[PDB]
Amino acid sequence: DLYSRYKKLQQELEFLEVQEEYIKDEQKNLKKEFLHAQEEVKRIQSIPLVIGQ
Amino acid sequence: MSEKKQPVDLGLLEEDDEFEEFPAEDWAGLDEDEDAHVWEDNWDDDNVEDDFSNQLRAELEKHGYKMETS
Amino acid sequence: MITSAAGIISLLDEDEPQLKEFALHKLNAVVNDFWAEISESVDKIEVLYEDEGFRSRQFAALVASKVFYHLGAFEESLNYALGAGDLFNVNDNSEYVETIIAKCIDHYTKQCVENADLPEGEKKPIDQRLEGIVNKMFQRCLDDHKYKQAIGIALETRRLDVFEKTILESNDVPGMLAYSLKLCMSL
Amino acid sequence: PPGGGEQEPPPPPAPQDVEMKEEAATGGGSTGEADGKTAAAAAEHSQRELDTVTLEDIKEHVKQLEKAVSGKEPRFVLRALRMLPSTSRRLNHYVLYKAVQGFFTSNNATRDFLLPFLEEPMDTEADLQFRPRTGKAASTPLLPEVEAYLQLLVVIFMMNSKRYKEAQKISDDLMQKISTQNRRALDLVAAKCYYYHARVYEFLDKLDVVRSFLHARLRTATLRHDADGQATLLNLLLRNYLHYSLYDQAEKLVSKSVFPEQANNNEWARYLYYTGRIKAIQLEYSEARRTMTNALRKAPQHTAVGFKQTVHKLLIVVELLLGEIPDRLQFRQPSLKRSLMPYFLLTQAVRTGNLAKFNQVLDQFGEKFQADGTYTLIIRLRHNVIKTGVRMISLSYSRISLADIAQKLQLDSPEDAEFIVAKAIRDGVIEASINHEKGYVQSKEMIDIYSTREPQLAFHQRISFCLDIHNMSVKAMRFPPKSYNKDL
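Chains as they are written, first to last, in PDB author numbering: chain D, 39 to 91; chain e, 1 to 70; chain U, 1 to 187; chain V, 18 to 505.
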């Protein structure tokens, strides 16, 4: 189990390594979706309107 | 670590063991007039003061005598 | 003994190598003290290493290999280390030997992995002395096997007949095979 | 006598409380932290350790305590000794053994019981489990206290401490590699110890063994190291090569490496001071100047008053060699002033450039800078006066008089004038146009900057470099917030 710990840990290494491109995709895409929704709720606001008090 | 400052401090103690409070007061003679004054401007001031310390310290009164001769 | 002495450089740049021999022998004593002094003699060492003029290739190969991982990458050191030809070295606790055999084993199993997916064709040449110096320490650790790393290194080397001699003498064979499969399924 | 006798007991055990609290908080805190995971936490308590060291360096603790206050020396940690489980009885013993000496009196000594400190490590340091880290955290803090006052025949005892330290750990090691935080601390700790007995080394004998084997001990560290400990061990070697080396053919440009990330807010300053001192011998105008000046502008943390004074002296000394010497302006302290007082007159006399008088003037009151030894940079400076002077001439007008300026420079002759001028031209540090018509030598001597002349190629490298610095500064405002958000 001592020498097996290495070979067993390699799987965890690859598993933790594969998450890099994943979080890259998330952080790059969700900000684009963020500005998307931002402009979506921004275009809701229009100049012509009624003035209250 | 900073432990290397000890022999330097001891060296300073030796420098203080050389003379006792002589340069302190001797330079305090100037520093008392130099006190409260910006030490940035004192560089050029001490520069010119030490430059003219040898000869032509004033020279402003000599100009009138140098009018006819030059 | 000597440290900043540049004399051994002039001796290494000098002909009639019979006087260069003991100079290099004494150089091997101070090489651990200062590896920076040999840096200027590295090129000449390489020069005398290339030609067959000198009788002992291992004497130059050892100095080159030990000064290379001190200076540059472990690769260039391993080249002359594995290209040292016939070499006799007893087991030692020194850093040099264990590190160079560490890189030797790592690069060996690296080449084994690289050649694992290529069963036939374009086979890379493998020297016999490499297999010898690897299997020497391998068997040395395979004496009692210590019931741990035997099947591990047997699997990591990606060799077909390597694990057949490992199961010759062992305790609790079904447990060893179970542990083996357990190790093989997790990789 | 009766007054001082009645007032005698309160002063000596002043630090005891806060010191016990200190070692309890640091030890119990660190151990109680990394106990669950040692390999996880890395160098969290390191800065605290070095801070406590730098704080305890100025300690006024032992003065009149030389008499029977040494009873704290025989006693020690004693945390959960001889058995791993059943620590309750020992939790009682923690109060008990402290209560024993608190009844009436206690038998104390100084030089009597010293050597047998290795009794416990022979079997169990503390818990038989955590022994290396608990052991170092036990022995190492109290050792400088016992080894304090290097003078008065403590040299032999210091040697005993040496061989004991080695034999227990330093000789080689307790195991192949610790590979943990206690190891990462062990680097700077053992290094600090090396700096501690360095004084004993350089005191009388020389080095035939230890630091020479420290190379093998350095490469024993793997190249996968952050090279922090490697650099700290490199500092003592470089300092050992500081006084006398004189061979630049190897370690210069061989010792250069990948140079990994290291800060510590100390090592940068002191190592830049070291390599600056080494590179000050060839008189580097470009790199050494700005990097040593920057190094002077760095390390605000502890003391710039008593430390940076030396590198400031060296700074102005290598500054006056260019003909333009800046003085002390922004920094106000009553140290560098007194240190520069004898040197002030001459460093101010540099710009004047009078050979004859100042030749005698220097040697007249000269003490310290000629006590630097072997008259090197000063025997260079003496004839550097005329080079800085002719450089001032290069900054001066073009037309050269055979009488006026020849008398002003105290040198009158047709040949050597134009000759030395040409020698100032071949340097490439200035700009001049050599022309001969009526026998007089003129110059264009344009000092005008790059403004409105090839601007792009001019400030190109400046823009690139500054943008690189600002971008790595963006990285510097990037990674640490992630280091903040890692645990939350």
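Yeah, the Cβ is synthetic: ideal placement off N, Cα and C, and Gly gets one too.
- A Cβ-Cβ distance of about 4 Å is found for the pair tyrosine 41 of chain D and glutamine 149 of chain U, placing them in contact under the 8 Å criterion.
- Interface flag for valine 206 of chain V against chain U is unset, since no Cβ pair is found closer than 8 Å.
- By the criterion of a C-beta distance shorter than 7 Å, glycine 406 of chain V is surrounded in its chain by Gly370, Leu426, once the five residues flanking it on both sides are discounted.
- Contact check for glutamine 279 of chain V and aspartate 225 of chain V: beta-carbon distance about 31 Å, past the 8 Å limit, so the pair fails to qualify.
- In the DSSP assignment, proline 19 of chain V falls within the alpha helix (DSSP H) that extends over 19–23.
- Nearest in C-alpha terms to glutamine 381 of chain V, of all of V/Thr391, V/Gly390, V/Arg408, V/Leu363, is V/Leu363.
- Counting only Cβ-Cβ distances below 8 Å, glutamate 95 of chain U has contacts in chain V at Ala233, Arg236, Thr237, in chain order.
- In the DSSP assignment, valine 47 of chain U falls within the alpha helix (DSSP H) that extends over 42–50.
- Scanning its chain for C-beta atoms nearer than 8 Å, with the 5 sequence neighbours on each side dropped, one finds no residue around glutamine 347 of chain V.
- Rounded to the nearest angstrom, the gap between the Cα atoms of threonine 127 of chain V and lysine 182 of chain V is 20 Å.
- Sixteen is the threshold: when 16 or more other Cβ atoms of the shown chains lie within 10 Å of the Cβ of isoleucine 333 of chain V, as they do, the residue is buried.
- Shown in chain order are the members of the segment 293–326 of chain V whose Cβ falls below 9 Å from a Cβ of chain e: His319, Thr320, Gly323, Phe324, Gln326.
- If the five residues before and after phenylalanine 130 of chain V are omitted, its C-beta is found closer than 6 Å to the C-beta atoms of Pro91, all from its own chain and listed in chain order.
- The Cβ atoms of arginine 355 of chain V and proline 7 of chain e do not sit closer than 8 Å to each other.
- Legend: CB atoms of the segment 50–82 of chain D lying less than 8 Å from CB atoms of chain U are not found in any residue.
- In the DSSP assignment, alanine 248 of chain V falls within the alpha helix (DSSP H) that extends over 245–257.
- As summarised for the segment 306–338 of chain V, the continuous alpha helix (DSSP H) elements at least 4 residues long and confined to that stretch are 325–336, given in chain order.
- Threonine 69 of chain e: member of the alpha helix (DSSP H) spanning 66–69, first to last residue.
- Close partners of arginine 180 of chain V in chain e (Cβ separation under 7 Å) are lacking, with about 22 Å as the shortest Cβ gap.
- Annotation: the segment 213–239 of chain V contains no complete segment of the beta strand (DSSP E) (minimum length 3 residues).
- Note that the segment 53–63 of chain D does not touch the segment 160–174 of chain U; fewer than 3 beta-carbon pairs, one per stretch, sit closer than 8 Å.
- As for any alpha helix (DSSP H) of minimum length 4 sitting wholly inside the segment 71–102 of chain V, there is none.
- Residue range 372–382 is occupied by the alpha helix (DSSP H) that includes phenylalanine 382 of chain V.
- In the structure shown, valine 31 of chain U adopts coil according to DSSP, grouped into three states.
- Considering only V/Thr237, V/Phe174, V/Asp222, the residue with the shortest C-alpha distance to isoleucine 187 of chain V is V/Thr237.
- Between the alpha carbons of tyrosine 179 of chain U and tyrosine 108 of chain U lies a distance of about 25 Å.
- In this structure, the CA atom of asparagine 199 of chain V is about 6 Å from the CA atom of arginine 150 of chain V.
- Residues of the segment 27–38 of chain U whose Cβ lies closer than 7 Å to any Cβ of chain V, in chain order: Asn32, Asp33, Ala36, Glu37.
- Listed in chain order, the non-local C-beta contacts of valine 162 of chain U below 6 Å within the same chain comprise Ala154, local neighbours out to five positions each way being set aside.
- Interface criterion met: the Cβ of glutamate 268 of chain V is under 8 Å from a Cβ in chain U.
- Of all residues in the segment 130–158 of chain U, the ones placed with a Cβ closer than 7 Å to any Cβ belonging to chain D are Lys148, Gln149, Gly152, in chain order.
- Taking CB atoms only, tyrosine 264 of chain V has a neighbour in chain U less than 8 Å away.
- Annotated as distal: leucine 313 of chain V and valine 335 of chain V, with beta-carbon spacing of 8 Å or more.
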